[PDB]
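**Student:** For the sequence shown, the working numbering assigns the number 185 to the initial residue and increments by one for each residue that follows.
Ideal Cβ positions, reconstructed from N, Cα and C, are used throughout, including at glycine.
What follows is a structure written as structure tokens; I'll ask about it next.
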Amino acid sequence: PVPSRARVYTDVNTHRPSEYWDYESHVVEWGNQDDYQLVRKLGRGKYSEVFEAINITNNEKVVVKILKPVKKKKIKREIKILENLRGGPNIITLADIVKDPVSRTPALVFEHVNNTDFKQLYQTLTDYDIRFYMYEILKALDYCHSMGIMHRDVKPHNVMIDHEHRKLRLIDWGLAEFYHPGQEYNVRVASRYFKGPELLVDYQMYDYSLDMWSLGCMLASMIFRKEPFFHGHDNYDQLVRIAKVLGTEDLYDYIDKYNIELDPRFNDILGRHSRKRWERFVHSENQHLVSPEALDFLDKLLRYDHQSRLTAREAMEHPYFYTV
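Shown next, in the form of structure tokens:
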């Protein structure tokens, strides 16, 4: 395959010391798990249980995410990235890292976010509300990309919103990674519906632009009221769902540009498809959330060619955000 590199923040990690990006060499210091009283279970992930807690030393609410220690090198990567991004705009704040004295299970302690339900939100959300919160996610992404970090798991479940206080936080940095130009990354990242074409075709030399595809998917779901926008049933089908909107012509143009070898599993499922007009997704239920500016913006994010997508900073300058 043809090599590729990010159009922005390309060498931010190359010009920094080894300590900033060498998460394997990072020294982790545990706190007193005894300083926290677990109140209630908030949810459960693959290898994590999340609890609402009280920091007893200051009577403040916190969120404790207890990690099933399945991969130690991965826990170190998440801790290092959370420490580097601490205090960045709309980035979840890692307050502490505790190990329980008896269990010794790693636990990350975060600032409490009083999240408002997404199933309930997308019905009460106005055209302006979508623009405001999209700008808030772009603040977080432009910050973390400038810090040489790709989130690699942008999706609505990883965006916490306190609608009453108009506060937004980008969470779950467990899949995040340091961007190094020329590096070949594992494509088994992000959640199926938000996976960029680069991951689905096994193009390993991807960058921050992966996050911009995912953001485009979230935007497309909010404005059109279609969740998810690209509803794949597996990773192979996911590309077929994308191909049903952006056409097979541009897909072959993308794989030819980067000399990508398509997996034989795509032979009997890809077929032939035309490029669709974004206006075809406009209906009575969603038209109050759609505008020419919103459609132009979406068109500029949802592109096969990872290099052709708007960067987080270019996206922030789009006419769609002139009202924010």
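#1: Report the option in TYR506, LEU322 and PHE408 whose CA atom is closest to the CA atom of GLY272.
#2: Using a 10 Å radius around the Cβ and a threshold of 16 neighbouring Cβ atoms, would you call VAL247 buried or exposed?
#3: Are the CB atoms of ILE275 and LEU354 within a distance shorter than 8 Å?
#4: If you draw a straight line from the alpha carbon of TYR438 to that of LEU494, how long is it in whole angstroms?
#5: Among the candidates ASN243, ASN239 and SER398, whose CA atom is the shortest distance from the CA of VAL343?
#6: Hey, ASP219 and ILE250 are a contact pair by Cβ (cut 8 Å); roughly how many whole angstroms apart?
#7: Among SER468, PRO290, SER232 and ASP480, which one has its Cα closest to the Cα of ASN216?
#8: Apart from the five residues just before and just after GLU213, which ones in its own chain have a Cβ nearer than 8 Å to its Cβ?
#9: From which residue to which residue does the alpha helix (DSSP H) around residue 533 run?
#10: Taking the runs of the beta strand (DSSP E) that are 3 residues or longer, which of them lie wholly in the region 298-353?
#11: Please report the straight-line C-alpha distance between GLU208 and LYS257, rounded to a whole angstrom.
#12: Just grab the DSSP bridge partners of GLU244 for me.
#13: Tell me whether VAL338 is buried or exposed, calling it buried when 16 or more other Cβ atoms sit within 10 Å of its Cβ.
#14: Am I right that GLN422 and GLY416 are in contact with their C-beta atoms under 8 Å? What's the rounded C-beta distance?
#15: Specify, as a first and last residue, the run of the beta strand (DSSP E) that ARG228 falls within.
#16: Kindly identify the DSSP beta-bridge partner or partners of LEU278.
#17: When we look at the beta-carbon of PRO448 and count the other beta-carbons within 10 Å, is it buried (16 or more) or exposed?
#18: Apart from the five residues just before and just after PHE413, which ones in its own chain have a Cβ nearer than 7 Å to its Cβ?
#19: For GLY215, does the three-state DSSP call read helix, strand or coil?
#20: In this structure, what does DSSP give as the bridge partners for residue 174?
#21: In whole angstroms, what is the alpha-carbon distance linking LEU305 and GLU469?
#22: Below 8 Å CB to CB, which residues in the same chain sit around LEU485 once its five sequence neighbours on both sides are set aside?
**Tutor:** Based on what the coordinates show:
#1: By one-based count along the sequence shown, residue 272 stands at place 88. Closest by alpha carbon: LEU322.
#2: Translated into positions along the sequence shown, residue 247 becomes position 63. It is buried - the Cβ of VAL247 has at least 16 other Cβ atoms within 10 Å.
#3: Translated into the one-based positions of the sequence shown, residue 354 becomes position 170. Translated into the one-based positions of the sequence shown, residue 275 becomes position 91. It is a contact, given that the beta carbons lie within the stated cut-off.
#4: Taking the first residue of the sequence shown as 1, we reach residue 438 at position 254. Taking the first residue of the sequence shown as 1, we reach residue 494 at position 310. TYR438 and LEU494 have their C-alpha atoms spaced approximately 16 Å apart.
#5: Here residue 343 refers to the residue found at position 159 when the sequence shown is read from its first residue. Measuring from the Cα of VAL343, the nearest candidate turns out to be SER398.
#6: Here residue 219 refers to the residue found at position 35 of the sequence shown. Here residue 250 refers to the residue found at position 66 of the sequence shown. With a Cβ gap of about 15 Å, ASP219 and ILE250 do not count as contacting.
#7: As a first step, residue 216 must be located in the sequence shown, where it is residue number 32. The candidate whose alpha carbon is nearest that of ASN216 is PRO290.
#8: As a working mapping, residue 213 is identified with position 29 in the sequence shown. Answer for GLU213: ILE281, listed in chain order.
#9: This structure cannot settle anything about residue 533, because the visible part of the chain is limited to 185 through 508.
#10: 343-346
#11: As a working note, residue 208 is residue 24 in the sequence shown. As a working note, residue 257 is residue 73 in the sequence shown. Each residue's alpha carbon lies about 6 Å from the other.
#12: For the purposes of this step, residue 244 is identified with residue 60 of the sequence shown, where counting begins at 1. DSSP output for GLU244 lists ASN239 as bridge partner(s).
#13: For this step, residue 338 is matched to residue 154 along the sequence shown. Burial call: buried.
#14: Position 238 of the sequence shown holds residue 422. Position 232 of the sequence shown holds residue 416. Right, the Cβ-Cβ distance comes to about 3 Å (below 8 Å), so this counts as a contact.
#15: Position 44 of the sequence shown, counting from 1, holds the residue named residue 228. Judged by DSSP secondary structure, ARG228 falls within the beta strand (DSSP E) whose first and last residues are 220-228.
#16: Your numbering for residue 278 matches position 94 in the sequence shown. Per DSSP, the beta bridge partners of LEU278 are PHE294.
#17: Locating residue 448 in the sequence shown gives position 264, where the first residue counts as 1. Flag for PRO448 reads exposed.
#18: As a working note, residue 413 is residue 229 in the sequence shown. Within the same chain, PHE413 has close Cβ partners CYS401, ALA404 and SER405.
#19: By 1-based counting over the sequence shown, the position of residue 215 is 31. Looking at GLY215 - three-state DSSP - the assignment turns out to be strand.
#20: What is shown of the chain runs 185 to 508, which leaves residue 174 out entirely.
#21: In the sequence shown, the residue the question calls residue 305 occupies position 121. In the sequence shown, the residue the question calls residue 469 occupies position 285. So the alpha carbons of these two residues sit roughly 15 Å apart.
#22: Position 301 of the sequence shown, counted from the start, is the residue given in the question as residue 485. Contacts found: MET396, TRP397, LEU399, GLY400, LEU403, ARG493, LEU494 and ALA499.
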